[PDB]
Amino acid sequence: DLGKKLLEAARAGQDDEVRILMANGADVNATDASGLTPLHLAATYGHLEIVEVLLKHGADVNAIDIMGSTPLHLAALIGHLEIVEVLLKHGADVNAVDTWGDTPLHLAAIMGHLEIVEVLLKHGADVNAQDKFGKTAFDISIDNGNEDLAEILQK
């Protein structure tokens, strides 16, 4: 099964292996036990080149795992700025909501990736989006006393 091998190649950053597996019929949209696809794993582990290769070969930029995480949620959480920009350029839903009510903006705010926050804001991220406990990204910056983040969200 080339799908299980493609999943492993995307996580480990094996560029030549991804190219080989796809040429041999590997499912670009294969999922693991929890619904993660090669694009989710490439975005999480910061393999920028694998993300672009997968997107030129029919990967669903808005695929969701069992917890509703899109590749954009995982890229915003981990702090991979180049990948966040590539995903938005390829149609990623900036305001996608996971099972916990979090959008990529909520995750970039919590983890303190301020550059990614500015990028999401510039691409239309909703400042009024509330999580399951009713908090917006602006509420998170007020509750944690993060003046740097509150300034950016007030722009």
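Residue numbers here begin at 1 and follow the sequence given.
| task | Would you mind finding, among 59, 116, 97, 30, the residue with the largest C-alpha temperature factor in the entry? | result | That would be 116.
| said: Please place residue 44 in the lowest, middle or highest third of its chain according to the CA B-factor in the PDB entry. | reply: Residue 44: CA B-factor falls in the highest third of its chain.
| task | Looking at the entry's B-factor column for C-alpha atoms only, identify whether residue 137 ranks in the lowest, middle or highest third of its chain. | result | Answer is middle: the recorded C-alpha B-factor places it there.
| request: Looking at the entry's B-factor column for C-alpha atoms only, identify whether residue 21 ranks in the lowest, middle or highest third of its chain. | output: Middle third.
| Third of the chain, ranked by Cα B-factor, where residue 102 sits | Its C-alpha B-factor, which the entry lists for residue 102, ranks in the lowest third among residues of this chain.
| query | In terms of the chain's CA B-factor thirds, is residue 52 lowest, middle or highest? | reply | For residue 52, the deposited C-alpha B-factor lands in the highest third.
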